Structures are given as structure tokens and as C-alpha cells.
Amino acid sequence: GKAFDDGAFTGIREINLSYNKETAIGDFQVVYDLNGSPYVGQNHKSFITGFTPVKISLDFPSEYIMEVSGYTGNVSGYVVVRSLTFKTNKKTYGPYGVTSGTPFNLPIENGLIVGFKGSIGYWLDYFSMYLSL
């Protein structure tokens, strides 16, 4: 698919993603904090449609992600991210998508998620996260 790399910022304000309970995660877009002001990251969209939109608005800066988890698996012969769950110090958002396949989870004891990168074709093929103090 089409690779993307948002880079690192100073925090996360909002996350917008879409999914399909029969396939995987589709679109992914984040509104970051850039030194106290909102910064709208590019919208990384799937090549197809039919996904259910989801908006995660965090109460920045008191609320922040403490754990990201989800599932990866095969869909149409491709290994992709099928589900995502975001747990903050105030609430748990998700799971969004199909909770089937191989789970993964990244609990953060000290530090913050400040950026995302990955690739999206029909679905989110893979993603990585920038971490900072």
C-alpha cells in the first residue's frame, strides 16, 4: 500500500480511524499537539470504502495513552492490523475491529506516544510508534 510517516510531535489530542468488522482497520489520522497548539496530521486513507468511522478525542493534556493493543492477522492473504484498542489514564477506547489473530500490546510505564508511521493499502498493513519522555 502507501507508506506514511507522521514523525514525532509533543503529544496526541485526537485519533480518527475506521474499521470493518469483517476485515481490518482502514483509515488512520491523528491530530497531534505541537508545542501547545493542535496540528492536524494528514489523513491516511484506505484505497477502498465501507469502513465505520471512529473518533477518539482525548482530554489533552490530562488524559494520555498508557497502552495500545490489538490484533494482527491474515486478510485476503495479506498480514495486516485487524484491531486496535487505546487505553488512557481515564478510559479504554475499543476494541475497534476484529479481535482475531495474533494479539500484541504495548503498555507504557514511563514515557509517551508522540507519533505514528506505517502503511495502508486496502487496510493498515503495519504501524510503528514514536516514544519520548
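Note that residue numbering follows the sequence shown and begins at 1.
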Practice task
Would you tell me which stretch averages the higher CA B-factor in the PDB entry, 32-40 or 47-55?
Solution key: 47-55
Completion exercise
Going by the entry, of stretches 100-108 and 87-95 the one with greater average Cα B-factor is 87-95
Fill in the blank from the handout: Assert third(CA B-factor, residue 10) within chain per record equals lowest
Practice task
Looking at the entry's B-factor column for C-alpha atoms only, identify whether residue 116 ranks in the lowest, middle or highest third of its chain.
Solution key: lowest
